[PDB]
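For reference, the structure is listed below as structure tokens.
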Amino acid sequence: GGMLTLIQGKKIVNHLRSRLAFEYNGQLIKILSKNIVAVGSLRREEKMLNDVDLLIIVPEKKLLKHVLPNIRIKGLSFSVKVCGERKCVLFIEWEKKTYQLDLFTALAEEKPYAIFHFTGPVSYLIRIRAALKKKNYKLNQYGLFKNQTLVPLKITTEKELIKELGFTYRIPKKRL
DNA sequence: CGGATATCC
DNA sequence: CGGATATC
Ligand SMILES: [Mn+2]
């Protein structure tokens, strides 16, 4: 897919927020805009985007196996490059051009960890995780872990997570 | 099967 | 000077 401007990316996502669904048990089930979070370079407000990244909050674990694998987009021509329960890479047609649209899923309990992870940028994640690794912790898009045990942080938002991990908060467009 | 090899932030 | 996913 080609690079997009920030405005083009936003236009695509606004189109998608009313047109995403999944096919399951003979039903075409709407993915609510409520549960669609822009992530990646779009959330970082980069002036040129590599692709469009969306995080879908799946509020029911047993549905993970059925959401991305049966993803449907009304009013859009697209093909699927790879597609599993957690990552689905699509190539969409938009105004005579092809763009990459990446879809990822998070469960409710994972949400702040997922937003933090998928926001990036990669260089920033590597430095943060390196520091935590030195203290025998592991951070990923699902949680914070010590000795392969989930560390039960009392947090709701990404901002709260960052503070709880002991790092300086920066808005998405200022992380590097 | 999955270890090997494309991929994501 | 990280960590996880998809395909076969
Ligand atoms: Mn992407």
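Residue numbers start from 1 in every chain, and the chains themselves are labelled A, B, ... in the order their sequence lines are given, proteins ahead of strands.
Side chain of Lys87(A), nearest nucleotide from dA4(C), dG2(C), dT7(B): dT7(B). Taking every side-chain heavy atom of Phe104(A) into account, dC9(B) is the closest of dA4(C), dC9(B), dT7(C). The nucleotide whose nearest atom lies closest to any side-chain atom of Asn140(A) is, among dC8(B), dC9(B), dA4(C), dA4(C). Checking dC8(B), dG2(C), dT5(C) against every side-chain atom of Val89(A), the shortest atom distance belongs to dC8(B). Of the candidates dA6(C), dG2(C), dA4(C), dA4(C) carries the atom nearest the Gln141(A) side chain, counting heavy atoms from C-beta on. Checking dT5(C), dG3(C), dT7(C) against every side-chain atom of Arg129(A), the shortest atom distance belongs to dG3(C). Comparing atom distances between the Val122(A) side chain and each of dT7(C), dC9(B), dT5(C) picks out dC9(B) as nearest.
Using modelled atom types, one side-chain atom of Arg86(A) and one backbone atom of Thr105(A) make a donor-acceptor pair closer than 3.5 Å.
Atom CG in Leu139(A) sits about 9 Å away from atom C1' in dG2(C), given to the nearest Å. Taking atom CD on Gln100(A) and atom P on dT7(B), their separation rounds to 9 Å, with Å as the unit. As a whole-Å value, the separation of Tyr113(A) OH from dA4(C) P is 14 Å. Between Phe116(A) atom CZ and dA4(C) atom P the separation is 15 Å, expressed in whole Å. In this entry the distance linking CG of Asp102(A) with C1' of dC8(B) reads 7 Å, nearest Å. What separates CG of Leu54(A) from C1' of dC8(B) is a distance of 14 Å, to the nearest Å. One can place CG of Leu90(A) at 13 Å from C1' of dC8(B), the figure rounded to the nearest angstrom. With rounding to whole Å, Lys133(A) atom NZ is found 9 Å from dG3(C) atom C1'.
Both distances falling under 3.5 Å, in either a Watson-Crick or a G-U wobble arrangement, place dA6(B) opposite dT5(C).
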Discussion item. One pair to check against side-chain contact (heavy atoms from CB on, under 4.5 Å): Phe116(A) and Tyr124(A). What are the steps and the verdict?
Written reply: CA-CA 10 Å; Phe116(A) 192 48; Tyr124(A) 177 70; 3.6 Å; yes

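Counting non-hydrogen atoms of neighbouring residues, nucleotides and ligands closer than 6.0 angstrom, the NZ atom of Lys173(A) reaches no more than 12 such neighbours. Counting non-hydrogen atoms of neighbouring residues, nucleotides and ligands closer than 6.0 angstrom, the CD1 atom of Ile171(A) exceeds 12 such neighbours.
Nearest-nucleotide mapping onto DNA chain C: of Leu68(A) and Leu125(A), the residue sitting toward the 5' end is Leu125(A).
Here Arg44(A) lies in heavy-atom contact (under 4.0 Å) with sugar-phosphate atoms only.
Applying the salt bridge (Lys or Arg N to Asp or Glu O under 4.0 Å) definition to pairs two or more places apart or across chains, those involving residues 36-45 of chain A are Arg43(A)-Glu158(A), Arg44(A)-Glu46(A).
Dashed line: the shortest gap from a side-chain N or O of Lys134(A) to OP1 or OP2 of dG2(C) is not under 4.0 Å.
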